[PDB]
Structures are given as C-alpha cells and as structure tokens.
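The chain below stands alone, shown as structure tokens; this is the form deposited in one PDB entry.
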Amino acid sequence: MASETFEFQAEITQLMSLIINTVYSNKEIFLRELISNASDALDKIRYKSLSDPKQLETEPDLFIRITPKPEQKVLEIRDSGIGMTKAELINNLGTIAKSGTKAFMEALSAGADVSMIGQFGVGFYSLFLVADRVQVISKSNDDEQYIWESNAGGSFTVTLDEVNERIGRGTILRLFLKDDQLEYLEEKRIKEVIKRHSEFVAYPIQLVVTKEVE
C-alpha cells in the first residue's frame, strides 16, 4: 500500500520537540494518558450503541489491553472503542493544531507539571516521553483499517492497513520504546503504574504477559 505523507502543523512539531527534549521526569504519566484516551474511545462506542446497538457487533467486548513485545522493544495499548477513519486520523493527529496545543506549551514553559497535559487535550503526545516512533492502527465501523505513523520528525504518514492483525473495531497505539525506557515492557512496572495512576477506569484493563514454560 502507498502511504500518503502529511506535514504536522508547526505548533505540533514544537510540542513534540518540547516533550522529546524538555521533560525529564515523571515519564510514566504517558500510560495514564493513553489509558484515559482509550477509555474515552470506549465511552463513545458504548454511547453510540445505546441507540445503534449493531455498532457493537464488529467487536462485542469492551476492553483496554496492554501488550509488551520485548523482542521488538514495543509496547501496545489497544482499545475496542469507536476507532478513527482515515479522515479522522489526518485531521486530529497532526494537520490541525487543536485548541490547547499552544496553551499547554505556554503552561509547561511557565512550570506546569507535564501531568497536566490531559487537561489541555493534547495528552496523546505524552507518548513521546518514552517512545521515538509510534504507529496508531485504527478501525472505525465507518472505514477500512488504517495506520498513522510518526517518527517524532515533522511529517507523518497514513497508509491503508494490509499488514497488521484485524482489529474488529478500535485502536492500537504501537509505541517503539527508547532504549532507556524499556522498564515499560516489564509486567511488575506496568501493574504498578496502572494501579497508582489509573484507579478509576470503567472498562477492564487486560495485561498480556509472555512467559517461557519451564
């Protein structure tokens, strides 16, 4: 499949550099942000299903699932929420600077906790705390499955997905972790972060653990 390439709005590039280069601790907050996002997407499909219950048939179980892939230095955060169409990915993940982008950068620079990023509506970008590359793989009931991809540089690509597992419906955040952030592949560390910062989640959070049979 041929990829389409898009330039990030300048303010989003600025934001990504600020997060990549300027913040030094409490990097674990990325997980609470991505779980909150996943929870929002699940709320949206649950709400939609109230008056359109057939919307659930593409994936009847509502869940958040976290999968460390230590060989690839990858952490995946999956939800069976509403998902995003190709146009939604292009419009919401880089071409248009959302309300809050500039406000957050100003707040961070004046000394706000990076943990406040979610209150500005740009917490997705907190993944660049631990990752230097990301794929967002998404399946809306209203479109085909698509892959958005960024390498923390100034452009991103969107490509029709003929390479990943079918998700019935929903989204996978595939984070390619930095070498100094591989603690986030460890079962105990993930459980710790979830229990400490994501205590009030309405959906089950599943952790996929790969272990050698002795």
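Position 1 is the first residue in the sequence shown; the rest follow in order. We call the rigid core whatever largest set of C-alpha positions still superposes within 1.5 Å between the two forms.
The same protein also has a form deposited in another entry, omitted here; what follows describes it.
For the set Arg174, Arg32, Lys69, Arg65, a Cα shift of at least 2 angstroms between this form and the one not shown, after rigid core superposition, holds for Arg32 and for no other residue. In the core-superposed comparison between this form and the one not shown, the C-alpha atom of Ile117 has shifted by at least 2 angstroms. After superposing the rigid core, the C-alpha of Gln135 moves by less than 2 Å between this form and the one not shown. In the core-superposed comparison between this form and the one not shown, the C-alpha atom of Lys98 has shifted by at least 2 angstroms.
Relative to this form, the distance between the C-alpha atoms of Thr101 and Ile64 is increased by at least 3 angstroms in the other entry.
Closer approach of the C-alpha atoms of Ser99 and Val158, by 3 angstroms or more, is seen in the other entry than in the present form.
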